[PDB]
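Worksheet: one structure, shown below.
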Amino acid sequence: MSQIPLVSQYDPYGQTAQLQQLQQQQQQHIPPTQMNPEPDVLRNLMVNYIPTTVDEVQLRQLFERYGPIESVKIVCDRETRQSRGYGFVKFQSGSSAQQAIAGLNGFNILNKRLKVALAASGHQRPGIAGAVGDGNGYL
C-alpha cells in the first residue's frame, strides 16, 4: 500500500520498486533438501582452452596447484573418440572450486587462457556484468 488516495484502489500499475523481501525467487529453488543437484558438486571444474592440445597434465599442475584434484579427466570427442574438446578437473573439496573459479577461471596467462566452468547445474543468479552504463574513458 504505497498510499491510499481515499478514492480508488490502484488505477496505475507500476512494477519496479519493491521494498519488503526483495530477491526474486529463492536460490536454486527449494528442493527436498537433496533430490539430485547437490551443492557438494562445486569442486567439479570444467577446463577448456585448446582442442587437440588439451592435456590433463598441463591442467593437472596448473589447476591442482590452486586446488589439488581428486579426479581429473578430459572431455574427449565422441565423434572420433580422440582427445579433444576440453578437459575436466574435480578438486578434492568444493571449497577448492571457489579458489579455482576465483583465480583460475579465464586465467588469462601470457600465452594461455585457463577457462574453467563448474559442471554442477545451478547458481545462475549473476549474469557476468550484463552491459554497463558509462564508467570512464574521457581523456
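Quick check on my filter: what residues within region 46-75 are farther than 16 Å from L118 by Cβ, touching a helix residue (DSSP H, G or I) at 6+ places or on another chain (Cβ under 8 Å) and surrounded by fewer than 18 Cβ atoms within 10 Å (Cβ to Cβ)?
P68
With respect to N105, determine if the residue is outside any helix (DSSP H, G or I), of a type outside the set (K, R) and closer than 22 Å to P37 by Cβ. Spell out how you get there, then give the answer.
Numbers: outside any helix (DSSP H, G or I): yes; of a type outside the set (K, R): yes; closer than 22 Å to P37 by Cβ: yes.
It is true that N105 is outside any helix (DSSP H, G or I), of a type outside the set (K, R) and closer than 22 Å to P37 by Cβ.
Check whether at least one residue in region 61-76 is assigned to a loop (DSSP other than H, G, I, E, B) and more than 15 Å from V89 (Cα to Cα), and report yes or no. Steps first, answer last, please.
Start the filter on region 61-76 by keeping residues that are assigned to a loop (DSSP other than H, G, I, E, B), which leaves 67-68.
Cutting the leftovers down to more than 15 Å from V89 (Cα to Cα) gives us none.
Taking every residue of region 61-76 in turn, none turns out to be assigned to a loop (DSSP other than H, G, I, E, B) and more than 15 Å from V89 (Cα to Cα).
Against the condition touching a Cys at 6+ places or on another chain (Cβ under 9 Å) and surrounded by 13 or more Cβ atoms within 10 Å (Cβ to Cβ), how does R43 come out, does it pass?
On the way: touching a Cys at 6+ places or on another chain (Cβ under 9 Å): no; surrounded by 13 or more Cβ atoms within 10 Å (Cβ to Cβ): yes.
When the stated conditions are applied, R43 does not pass them.
Given the criterion in contact (Cβ under 8 Å) with a residue 40 or more places away in the chain and at positive phi, identify the matching residue among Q92, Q28. Working first, answer last.
On the way: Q92 fails: at positive phi.
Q28 is the lone residue from the list that is in contact (Cβ under 8 Å) with a residue 40 or more places away in the chain and at positive phi.
Can you run down the residue pairs with Cβ atoms below 7 Å, 6 or more apart or on separate chains, where the first is in region 95-112 and of a type in the set (A, V, I, L, M) and the partner is part of a helix (DSSP H, G or I) and surrounded by 13 or more Cβ atoms within 10 Å (Cβ to Cβ)?
From region 95-112, the pairs are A100/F63; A100/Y66; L104/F63; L104/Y66.
Residues in region 114-138 that are out of contact with any strand residue (DSSP E or B) (no Cβ under 7 Å at 6 or more places or on another chain) and either in contact (Cβ under 8 Å) with a residue 24 or more places away in the chain or charged (D, E, K, R) (or both): how many? So that I can check it myself, show each step before the final result.
Within region 114-138, the first condition is being out of contact with any strand residue (DSSP E or B) (no Cβ under 7 Å at 6 or more places or on another chain), and the residues that meet it are 121-138.
Checking the rest, the ones that are also either in contact (Cβ under 8 Å) with a residue 24 or more places away in the chain or charged (D, E, K, R) (or both) come to 121-123, 125, 134.
Residues in region 114-138 being out of contact with any strand residue (DSSP E or B) (no Cβ under 7 Å at 6 or more places or on another chain) and either in contact (Cβ under 8 Å) with a residue 24 or more places away in the chain or charged (D, E, K, R) (or both): 5 in total.
Each value in this text was obtained by applying a stated rule to the coordinates, not by laboratory testing. A quick note on method: Cβ atoms are made from the backbone with ideal geometry, for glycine too, and the neighbour counts reach across all protein chains shown.
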